[PDB]
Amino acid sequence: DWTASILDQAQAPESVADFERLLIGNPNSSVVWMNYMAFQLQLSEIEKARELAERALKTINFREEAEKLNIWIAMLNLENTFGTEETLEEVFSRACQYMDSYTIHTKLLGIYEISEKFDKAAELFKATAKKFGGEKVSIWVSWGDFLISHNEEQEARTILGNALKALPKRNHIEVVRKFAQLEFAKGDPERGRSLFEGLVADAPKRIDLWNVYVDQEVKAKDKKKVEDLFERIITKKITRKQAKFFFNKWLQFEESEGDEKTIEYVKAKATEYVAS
C-alpha cells in the first residue's frame, strides 16, 4: 500500500469515477488523492498520477497543512521512484518554496534512506546541516544516527563536534545527550558512557542527567555499571525527594534482576541516608 508509506513519513474505489466521486464530498483528504494517484501508478501512467498531485495541491484547502504536506511527500516519492533527478529536484524545490523547507529536507532524507541511495542521503545530510544546523538540533542527531547505522561511528563523533560549533550553547548539553542515547541504542555504549561522563563533569548538579545516564545503563542492564553509578549518585548534592526517588529505581532494578542480597542492601543504605 503506497499511500500508507507516505502517511508514515508524514510522521474501496476501483475506478476513476469512484475516486472522482469521493473527491466531491472529500476534497481535503490527501488520503483519497494518494490512493487515487497510487491507483494510477499501479497501471503505470505516472503522468496521470503527476496530474492528480497538481490537482490536489490546488483543490485541498490552503488551511490544511498536513493534508498538503502529504501530497508533496507523495510527489517526492513519485519523482524519486518513477521519475528522474531533475523531476525530483523540481518537486523538491517547489516544495520547500511552498512548505517549510527544513521539514521537506528531513522528508527527502527519509526517502533516500528507504530507497537506499545512501550517497544521496549523506550529501543532503551535509547540505541540510549547512543550512539549518545553526538552529535545528535534530539534523545533527539524525546524521549521527545515519552514520552510526552505516558503521562510521567516528564520523558520527566528528559531526557531533561540528554540531557543537554550529549550535548555540543552550543546545550543547542536549545534543550530546541525544548522541549518548544514540550510542547506547545503535552505537558503542562505551562511547555514550564517555559522553555522559563529560556532561556530568561540567554540570555535576543537573540531576536530570544523572538520571538519563543511569536509565541507559539500567537498560543496557550491565549490573555492575548500573550499581557503581547508583553508588556515585547518592554521594551527589541531592534533594530528599530526589534521594528517595533513586532508591526505588535501584530497588526496582535489583527486582528485575532478582539478586536479593543487593535487594536488601538498598533498603539498608536508604535508612542510613535518611539520617541527618
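Each residue number is its position in the shown sequence, starting from 1.
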- request: Answer with none, 1 to 3, 4 to 9, or 10 or more: how many deposited residues between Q252 and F253 are not present in the coordinates.
  value: none
statement: Of 157 to 165 vs 200 to 208, the stretch with the larger average CA B-factor in the entry is 200 to 208
- request: Report the stretch with the higher mean CA temperature factor, choosing between 224 to 232 and 33 to 41 on the basis of the entry.
  value: 224 to 232
Which of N70, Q242, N26, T59 ranks first by CA B-factor in the deposited coordinates: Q242
- prompt: Considering only modelled residues of the same chain, in which third does the CA B-factor of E51 rank: lowest, middle or highest?
  reply: middle
